[PDB]
Amino acid sequence: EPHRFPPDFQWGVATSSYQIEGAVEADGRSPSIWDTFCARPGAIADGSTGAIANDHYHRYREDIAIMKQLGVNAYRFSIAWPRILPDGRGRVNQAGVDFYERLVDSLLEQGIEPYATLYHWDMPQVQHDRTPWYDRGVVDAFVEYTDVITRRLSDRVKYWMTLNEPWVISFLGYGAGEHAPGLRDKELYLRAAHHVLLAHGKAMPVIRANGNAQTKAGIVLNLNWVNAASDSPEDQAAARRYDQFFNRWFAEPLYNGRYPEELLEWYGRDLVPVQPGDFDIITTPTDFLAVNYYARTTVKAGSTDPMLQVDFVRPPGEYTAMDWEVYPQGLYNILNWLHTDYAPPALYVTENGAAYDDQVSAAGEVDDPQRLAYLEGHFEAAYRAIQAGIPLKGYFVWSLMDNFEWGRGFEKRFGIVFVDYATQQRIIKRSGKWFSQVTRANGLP
Ligand SMILES: OC[C@H]1O[C@H](O[C@H]2[C@H](O)[C@@H](O)[C@@H](O)O[C@@H]2CO)[C@H](O)[C@@H](O)[C@@H]1O
Ligand SMILES: OC[C@H]1O[C@H](O)[C@H](O)[C@@H](O)[C@@H]1O
């Protein structure tokens, strides 16, 4: 049925700075909101921190040799704000810029296109003390950081992403208390949600000004396929509300200068601190939309989430170790929705992958058939998306290697490369050896 991807398709792997880098005190780095959040009891399921992680700081060169073995033509990573501006603003930490210059230099000389995420959830603690995401001052703080780092790197970085997953930043950070800084307040979530969009909009012309005519920028949304548990009229209303909350809350502002009206009303329209010209800033034209896709969420009328009055149903099917339903059709559905409704000139899958229990065999191999089947089904959905005329330009697997899985710690392994945390040994997994032939064939056997 299906083989070959377009000739210039970007095959990638993805990481974030706090998840892989470690060396949290090295070279003038100040603590991030995650360094502080990991101290909180019950915050990390395994009681771990990102202090060491994969030691990608002291070890990037070896990790790039592994990407060459995987045959990626693209690597997606984040830049740690805590290393660039340790005081949050003002004094540039030259050693911090240096690391990202060495990283980008070593990537380009191995022919790997760098895709840089500016914010992947690791705001300096000291800056959070002045401007939490719910404080409108955060916008100019982020623009300043954007300005400093885009001035140093845009000679060599063409592809820039503003913020990773506004929903996670605002709801998990400020609404559910599950992510740094660990606050639980409807108003704080809605304000943080708005300042993430504004921070995205205000950064766009700074990225373009500090670049060339080749510079491309956009935001990264997490989007999952949402499913009504039944056709009961109040189960379909529950699903519609969770869809608005999860998928439409950022996409509608970015393309149509509006929040989803009925959920805005349900919340209390006043809680969102919209000022004049905010939607003009939020709608600033992007070169692409980056999508982070993992699962189908099936919703019923209920009160688990008391804010949304919904319960979650697990339909019969396959579940990852995160307890996420495997649903490749979902990826095709999300990409087609975005295509038909927002017509972005380019789409990237900047994240997709799965956590399964990995073991090193006596032979020293990691046999992950369930991860391999996850990836195969989703690459298949992406291939169908391209055949339907959807302008998908690349696909980045989450993740290059096992890393700090935020509130799950190291117990959840998303790598196509295994990490023995005892020694920092990388073992390419079966899923990784298969990916290595997918990249070289530029499609599926
Ligand atoms: O760790 C479990 C975590 O899962 C969900 O959060 C996901 C979300 O579905 C994704 O779209 C993704 O980008 O990021 C999240 C981080 O894992 C749950 O909603 C969340 O409460 C839960 O902690
Ligand atoms: O929580 C699973 C994934 O969610 C998000 O998409 C993050 O960018 C990634 O760091 C994490 O692994």
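Throughout, numbering of the chain's residues begins at 1 and tracks the sequence.
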Trainee: Going by atom types only, do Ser78 and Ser17 share a side-chain donor-acceptor pair under 3.5 Å?
Mentor: yes
Trainee: In terms of relative ring orientation, are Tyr115 and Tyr159 parallel, tilted or perpendicular, with 30° and 60° separating the classes?
Mentor: parallel
Trainee: Tabulate below the donor-acceptor pairs under 3.5 Å that side-chain atoms of residues 102-113 make, not counting sequence neighbours, or state none.
Mentor:
residue	atom	partner	partner atom	Å
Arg102	NH1	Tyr60	OH	3.1
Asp105	OD1	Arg156	NH1	3.0
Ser106	OG	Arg102	O	2.6

Trainee: Under 4.0 Å between a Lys/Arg side-chain N and an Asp/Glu carboxylate O for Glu234 and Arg241?
Mentor: no
Trainee: Per the side chain to side chain contact (heavy atoms under 4.5 Å, CB included) rule, which among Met204, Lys202, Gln275 passes with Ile281?
Mentor: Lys202
Trainee: Hey, does the side chain of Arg371 reach the backbone of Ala354 with a donor-acceptor pair shorter than 3.5 angstrom?
Mentor: yes
Trainee: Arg408 and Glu411: salt bridge (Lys or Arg N to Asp or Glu O under 4.0 Å), yes or no, with the steps?
Mentor: CA-CA 6 Å; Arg408 311 300 209 109; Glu411 282 177 350; over 6 Å; no
Trainee: Between the side chains of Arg76 and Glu351, is the shortest nitrogen-to-carboxylate-oxygen separation below 4.0 Å, so that they form an ion pair?
Mentor: yes
Trainee: Under the salt bridge (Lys or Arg N to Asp or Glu O under 4.0 Å) criterion, do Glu365 and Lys429 qualify, and how do the steps go?
Mentor: CA-CA 7 Å; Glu365 293 313 341; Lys429 303 186 189 168; over 6 Å; no
Trainee: Is a donor on one side and an acceptor on the other found under 3.5 Å between the side chain of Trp121 and the backbone of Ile169?
Mentor: no
Trainee: Between the side chains of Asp235 and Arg240, is the shortest nitrogen-to-carboxylate-oxygen separation below 4.0 Å, so that they form an ion pair?
Mentor: no
Trainee: Compare all side-chain heavy atoms of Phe245 with those of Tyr267 and state whether any distance is below 4.5 angstrom.
Mentor: yes
Trainee: Do side-chain atoms of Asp402 reach the backbone of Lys412 as a donor and acceptor pair under 3.5 angstrom?
Mentor: no
Trainee: Between the side chains of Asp311 and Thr304, is a donor N or O closer than 3.5 angstrom to an acceptor N or O?
Mentor: yes
Trainee: If the plane angle is over 60° it's perpendicular, under 30° parallel, otherwise tilted; pick one for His56 and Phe99.
Mentor: perpendicular
Trainee: Evaluate the criterion side-chain contact (heavy atoms from CB on, under 4.5 Å) for residue pair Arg314 and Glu325; output intermediate values, then yes/no.
Mentor: CA-CA 7 Å; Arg314 294 180 198 81; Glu325 188 193 9; over 6 Å; no
Trainee: Do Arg413 and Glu405 meet the salt-bridge criterion of a basic N to acidic O distance under 4.0 Å?
Mentor: no
Trainee: Applying side-chain contact (heavy atoms from CB on, under 4.5 Å) to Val438 and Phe379, what does each step give before you reach the verdict?
Mentor: CA-CA 10 Å; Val438 169; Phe379 290 11; 3.8 Å; yes
Trainee: To the closest 0.5 Å, what do you measure between CD1 (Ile44) and CZ (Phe404)?
Mentor: 4.0 Å
Trainee: Ring-plane angle category for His179 and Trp34, please: parallel below 30°, perpendicular beyond 60°, tilted otherwise.
Mentor: perpendicular
Trainee: Verify, without hydrogens or angle tests, whether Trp81 (side chain) and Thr146 (backbone) share a donor-acceptor contact under 3.5 angstrom.
Mentor: no
Trainee: Determine, stepwise, if the pair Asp147 / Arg151 fulfils salt bridge (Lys or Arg N to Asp or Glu O under 4.0 Å).
Mentor: CA-CA 6 Å; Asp147 191 37; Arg151 275 177 191 278; 3.2 Å; yes
Trainee: Looking only at the side chains, is there a donor atom on one of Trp324 and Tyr374 sitting less than 3.5 Å from an acceptor on the other?
Mentor: no
Trainee: Say whether, by atom type as modelled, one donor and one acceptor occur between the side chain of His195 and the main chain of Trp133 under 3.5 angstrom.
Mentor: yes
Trainee: Is any side-chain N of the basic residue among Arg430 and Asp367 closer than 4.0 Å to the acidic one's carboxylate O?
Mentor: yes
Trainee: CZ of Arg440: more than 12 outside heavy atoms within 6.0 angstrom?
Mentor: yes
Trainee: Using 4.0 Å as the upper bound for N to carboxylate O, is an ion pair formed by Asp135 and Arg191?
Mentor: no
Trainee: Closer than 3.5 angstrom, by distance alone: can the side chain of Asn224 be matched with the main-chain N or O of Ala295 as a donor-acceptor pair?
Mentor: yes
Trainee: Quiz question: by atom type and distance under 3.5 Å, do the side chains of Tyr294 and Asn222 form a donor-acceptor pair?
Mentor: no
Trainee: Whether the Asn164 and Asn292 side chains hold a donor-acceptor pair (N or O, under 3.5 Å, no angle test) is what I'd like checked.
Mentor: yes
Trainee: Assess whether side-chain contact (heavy atoms from CB on, under 4.5 Å) is satisfied between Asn336 and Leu338, documenting all intermediate values.
Mentor: CA-CA 5 Å; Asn336 192 43; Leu338 296 176; over 6 Å; no
Trainee: I'd like to know if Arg208 and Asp287 make a salt bridge, using a cut-off of under 4.0 Å between side-chain N and carboxylate O.
Mentor: yes
